[PDB]
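Quick note on PDB author numbering: the sequence shown kicks off at 1 and runs consecutively. We put the CB at the ideal spot given by N, CA and C, even for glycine.
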Amino acid sequence: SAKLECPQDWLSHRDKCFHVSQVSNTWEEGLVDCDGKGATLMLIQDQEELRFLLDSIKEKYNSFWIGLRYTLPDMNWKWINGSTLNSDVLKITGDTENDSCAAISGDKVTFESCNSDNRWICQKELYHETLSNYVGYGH
């Protein structure tokens with residue numbers, strides 16, 4: 001769609017706005033930082049998303065956490081919203097079996113122990129009221 005309004009620091013792209021925080025935190029901690037604004041830790045759908053990231057990244061020679069968590073036991077990458085990773089866009093090894101959480105580092109995506117001091121990317125999705133689903137359960 002045409003995107004709704006988001007705070008000025010947040011780079012606006014197809015219905016989502018990004019804050020490329022050049023300050024470091026741990027993965028879960030950066031996630032909480034996104035929670036703090038009423039936003040989410042970056043949820044990537046397609047490579048169009050990341051290509052705009054590469055524009056907004058600016059530095060590249062850093063690493064910025066996105067909402068990619070490696071869920072074990074399962075061995076798939078899931079997002080914080082509960083979606084499945086599109087590993088086909090860039091280098092994100094699915095079968096790694098490590099304590100990994102992923103971060104943008106340059107034109108690549110890298111992954112390491114979620115506890116590493118790294119910067120992060122918050123996205124505030126302009127469409128967060130898209131599908132809430134359920135009326136609870138059905139009582």
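First and last residue of the uninterrupted beta strand (DSSP E) at residue i
i    : result
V32  : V32 -> not in any beta strand (DSSP E); alpha helix (DSSP H) instead, spanning 27-37.
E112 : 108-113
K78  : 76-79
Rounded separation between residue i and residue j - CA only
i           : j    : result
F18         : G36  : 14 Å
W120        : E48  : 19 Å
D55         : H139 : 48 Å
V20         : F64  : 7 Å
residue 169 : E112 : Missing from the structure shown is residue 169; the chain here goes from 1 to 139 and no further.
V109        : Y134 : 34 Å
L68         : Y61  : 20 Å
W79         : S116 : 18 Å
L85         : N25  : 22 Å
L43         : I66  : 7 Å
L4          : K16  : 8 Å
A39         : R51  : 20 Å
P73         : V32  : 24 Å
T71         : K91  : 17 Å
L131        : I104 : 27 Å
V89         : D46  : 7 Å
Residues sharing a beta bridge with residue i, DSSP
i   : result
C17 : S12, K124
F64 : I104, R119
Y70 : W77
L90 : According to DSSP, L90 bridges with nothing at all.
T84 : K78
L41 : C122
First and last residue of the uninterrupted alpha helix (DSSP H) at residue i
i   : result
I57 : 47-57
Cβ-Cβ separation, residue j to residue i (assumed contact under 8 Å), whole Å
i   : j    : result
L41 : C122 : 6 Å
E59 : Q22  : 7 Å
Touch test, the segment 80-98 against the segment 3-15, Cβ-Cβ under 8 Å, three pairs minimum: no
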